[PDB]
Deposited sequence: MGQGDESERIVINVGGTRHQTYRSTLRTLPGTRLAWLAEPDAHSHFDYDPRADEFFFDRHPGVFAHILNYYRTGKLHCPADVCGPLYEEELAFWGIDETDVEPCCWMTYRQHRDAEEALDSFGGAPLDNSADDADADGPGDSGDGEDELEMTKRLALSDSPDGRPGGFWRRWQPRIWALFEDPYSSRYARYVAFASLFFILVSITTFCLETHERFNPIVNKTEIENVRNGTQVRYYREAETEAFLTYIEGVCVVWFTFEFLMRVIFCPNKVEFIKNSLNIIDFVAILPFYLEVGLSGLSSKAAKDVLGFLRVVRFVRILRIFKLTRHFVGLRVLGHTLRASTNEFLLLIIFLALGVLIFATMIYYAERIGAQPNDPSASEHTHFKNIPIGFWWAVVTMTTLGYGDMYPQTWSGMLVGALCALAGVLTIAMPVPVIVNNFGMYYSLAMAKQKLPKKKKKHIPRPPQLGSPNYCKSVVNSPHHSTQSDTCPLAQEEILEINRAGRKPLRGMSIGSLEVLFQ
């Protein structure tokens, strides 16, 4: 029933010993015993214990011993609070689910998370790749395109004989091999090499890796919706009435196309309902797709907002 005072950074908190012995493995629980005087900073005329720390966030630490639970203040950031919990001996996993997400956001985002003589020929190779398909240079190929191919491969050797014995490379600079030896479908990926110096694409790559669950969620939502609406639209268009000679929806498989074009509010118009039942089903499909897509995408977009703001805050400071 005795009472003990903690003079934290000037601010005097009072409590009972009983409250301190509630979590026995921590630093505070080491003051409740009848010797703590010879183990701490003990003012023996004010009868108190001095600790040189933030007096503001201590009352949220003491609350753990007082009530039963550990929350996070909303007037300090994650790192400040975690530094204080680290000082006091509190396991940072007892944070209640109301406060865990905001408490961890910054750490979850931290997570460790001749160039012009290359870019020119990369762009050259991309363009020549694109124009061999155009039926302007296929009278049936032509030959200046093969010469420009020659030049880009003759340079790809100068910056690739610097790689393996002179030591994105084995999985993207294979066409250099296969040219004399997907043949060019891979050639575009070299654009990634020169743009890995961009602070925005690396933040993108980190976001597409910290959000693999919210991608599975979106894919499963879309698959469920597409199946449901594809099968509804078939039976809805069937009551308009052998065969189906009056409707774009001749089977359920061809309805997956319609459903995915509709749920995204794209709407080409090659497939659309033509009976009133179908029009009702399609009115439903449009809104259902809007909501289905709109639920997990904000979760994926906040991740980018956070990581981008952090990676650009770093790129502005010395």
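Visitor: Counting from 1 along the deposited sequence, which stretches were left out of the model?
Guide: Seq positions lacking coordinates: 1-6, 120-191, 218-239, 268-280, 295-311, 372-376, 454-519.
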